[PDB]
Every structure is written in C-alpha cells, then in structure tokens.
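To start, the structure itself, in structure tokens.
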C-alpha cells in the first residue's frame, strides 16, 4: 500500500501537479477513495469491464485487457501496466482521462468525495 | 373428364342446388373454368400452396396437404379427398368456402367468367 | 405484382376528419383485400379495417367500430379510410396492406395472410 | 438501474418551438450522460444532442447544430430538448438514452455505449 504523502510526492514528480487546474490534493483524494492507495486492486463491473490501477482505470474505454466487450482502449496501455507495482501507467492514463474534457468528474470517487471539498487537507503536512 | 350434364346432376343430388342463392349454372361454369372438369388437376402457387379438387380448392386455407406453409385447413378435409375420383369432397369444401361470407367471388374463375353472365346456358338442355 | 402507396395522414385535431388514401398499380387485377394496419409505438402491427375490392364488405376492429369507414373504387384501384372521433390511442403509423388471394374472413385482419405492403404513413392526433 | 420515460412530442409545424421532456427513476445517482437519438423511418438510430449531468457540457450533431438546446436539472433528474426551426427531415422517433458509466465525449453520441433507454417519443413536422 502506497503512502499518502509518498503517493503525492510521486504524482508531483510524474508531472501530474497542477494538471487540468487541479491541485495535488484532488489526485490524492481520488486515489484514496478509488483504491485505498493500492495499485493491485481490481473491481469487476456488470458490463464485464474491470477497473485497474491505483486510480481504478476502467478497461472498457482505457486499457485493453482483452476480456471485456467493446474495448476501446483509448489510453492504448495494457491493463497489466496499470496493475504494475508502479503508478506511472496509472497517472499516464489518468492524464488522458482528465484531459477528455469533463475533468476529474469522470471518476466516481472524485465526484462523491473530492469534488467541492477541502482536498488540500489530504496533502497538508506532507512537506512537499 | 367429367361430363357437364352428369356433373350438374350429381351436384344437384349432393344438395348444392340453390346454395347461397346460386343456380347450378354458376357452379358448373366455375368448375369448368377452374379445372376443365378434372378433379385430378392441380396447380401450384407462388406462395407454395397447391389447388386441389375439381373446383381448385386452395390448400393454404382449406385442405392440409402438409407441404404448404401456414395451412389453416378450415375445411379440415385432406387434399387427397379432394383429389379423389369423386366430387363429393370438392363440393363439401366449396360449401364452406361460399358460406365464408363473400359468396362465389372468392374463386377467380367465377368472377372472371361466371359472374354477371348467362350461367343458365351451361346447364340448359341437360334434362335435369 | 402490386405495389401499395399511401397518401394523406399527418397532423389532425382530436375529433377531426382525416382521409387516408391508398393506391394500387401493376397487376392490380389480382388485388383481393385492402386493409389498414396501425403500427403504434411499442405495439405490434394490427389490422384496423379490412375490405374486399369486389363485394365491398367492410370489416373493422372493435377499437375502430363505428368510427372509421373504408371504401374503394374499382376503376381507380384506390381505397381510402375516413377517420373520425380520433383519440390519442389512434396515434400510429398506418400501413396499407393488400393480398393477391382470397383470404378467409377470420384472417382478413391478420397481416401474415397478406402478401403486399406499402410505405408506412404517419398519423398524428393532437 | 435507471428507467427512462419520454414526455412531449407530437405536432409542430416547421419553424415552431417544441420541448421534449425526459425523466429518470430508480438509481438516478449513477446517471452520467443523457442523449436523444432519432429513429427516423428507413434510417438507423443516431445521436442528436449528448449531455453530461454534472458538468453540463452539451454536444450536438452537425445537423442540429445551433437549433436544438438540451439542459437538465440535478434535483429532478430530468433533461429536456428544446427544438426550433424544425424541417421535414426532423420527422423521427426520439429516444432519451442514458448511461451509468463515464462515456468519452467522442462516444457521447454512440448508441452502443449507453446502457439505458426509454420508450420512443415521436416528433413530426407539418
């Protein structure tokens, strides 16, 4: 399980900082409420698609697992890469997801908890 | 080939006389223009139905041949009975056909030639 | 070989008079039955007012009993269905079906018996 | 689990203003997109005006660009499509599709992407 402050630092290093006009707190909160700081967590869906990565990237539109119908693989990154022990693939596909046009509203957890909330509290005290 | 006057006499015996307010001339004319006085004659149709009997009764609605789709078999009489050397089955099913409600107009031959014509000329001189 | 073309229809006020007109061409001599089938949204096609070209006997569904009148002309091979006391339920697409054969009375309103269909015409009730 | 019911429609002559109303029931929280698809006769279903419930961004097909307006209310879970300058080609059956997953913008007009649909409401022009 990734550390919260360490996860924020890694995301800042990756270049996700101030992406689409969103502070690091937004990303930290989204990851925390999506996979509880776990890149190895995966969740099924009724349509058959499976979420992958720390940010829970859905395979039907983002990553090609080969086991979901209508895999549009928009991030064209294998779901295994998101499942990897590093967060590089997760952030790389999340940049495209947020750049889609609707911002971070795509991620359900971000809307539920990280939207219109003191997201800065998540990164507070992380000496970043 | 059935005789004209003998067929008229047999039809009168069977009880078809004055059926649905139609003189024997109408029926004799209709049979002659339908099967040329042949109970064994059969004619195919584009839909797959086959006419049977001297009056050319259609199998799709009257006789169940087992070869025509959607056989209603309203007469419920086998097509072989109409094909028999006797005319009893043909007249028995024609009674139901004419009694359907539309009279003798259902048969194409009757409307083409037997309708609004001197049908009495067909039976004239048969000593019945 | 008869191809069926519909005419009329369109927007009409509740209780108004609408004259749906249908025509036949080609080998129209074989034409036997002319019937209107309404393909209402979310509902399967169903007969409305069966008609016989020669005898002229008119058969109607219980829903349209005493309201719609169907008549045709032998020389103009055209059959038109007048509409009156229209309601919301009448709103549907009417198809001018036809047959080249003498269908029984009980199946006069059954589409499967028929062999010829035309282009669906829209009918609206306000 | 969202069930879509369409409202409005009916008769409007060319140039008239007509409002189509759509509503959501059940688990309306999962709703992400709301789009109208026109099933014109002889033509396959196609998107008309996509929408995002939260952001509110509107995406329109080239044909209906600058004519139709789509908006929604978050407290009522309903989205309506105002139409103006309607023409003959606008005649069709409009379906208020819906989805429970965040579809991409380029696929916002894709019928296959959406996971819910409602009963077809007709739109006709005099």
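In order, the residues displayed for chain A correspond to 20-147 in Swiss-Prot numbering, which applies throughout.
Cβ atoms here come from the backbone N, Cα and C positions, even for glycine.
Annotated active site per Swiss-Prot: A:53, A:70, in sequence order. According to Swiss-Prot, the feature substrate binding site maps to A:119. Annotated disulfide bond per Swiss-Prot: A:24-A:145, A:48-A:133, A:82-A:98, A:94-A:112, in sequence order.
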Other CB atoms, at most 10 A from the CB of residue A:112 (disulfide bond): 24
Spatial separation of residue A:70 (active site) from residue A:94 (disulfide bond) - C-alpha basis, Å: 13
Residue A:98 (disulfide bond) and residue A:53 (active site), distance between Cα atoms, whole Å: 16
Integer Å distance between the CA atoms belonging to residue A:48 (disulfide bond) and residue A:119 (substrate binding site): 20
Residue with minimal Cβ packing [other Cβ atoms within 10 Å] among the recorded positions A:53, A:119: A:119
Those recorded positions, out of A:24, A:48, A:70, A:133, that come within 10 angstroms of residue A:98 (disulfide bond) at the Cα: A:70
Disulfide-bonded residues (A:24, A:133, A:145), the one with most neighbouring Cβ atoms at 10 Å: A:133
Tertiary neighbours of residue A:82 (disulfide bond) (same chain, Cβ under 8 Å, six or more apart): A:71, A:76, A:92, A:94, A:96, A:97, A:98, A:100, A:101, A:112
Rounded to the nearest Å - Cα separation of residue A:70 (active site) and residue A:133 (disulfide bond): 19
Cα-Cα distance linking residue A:24 (disulfide bond) and residue A:48 (disulfide bond), given in Å to the nearest integer: 11
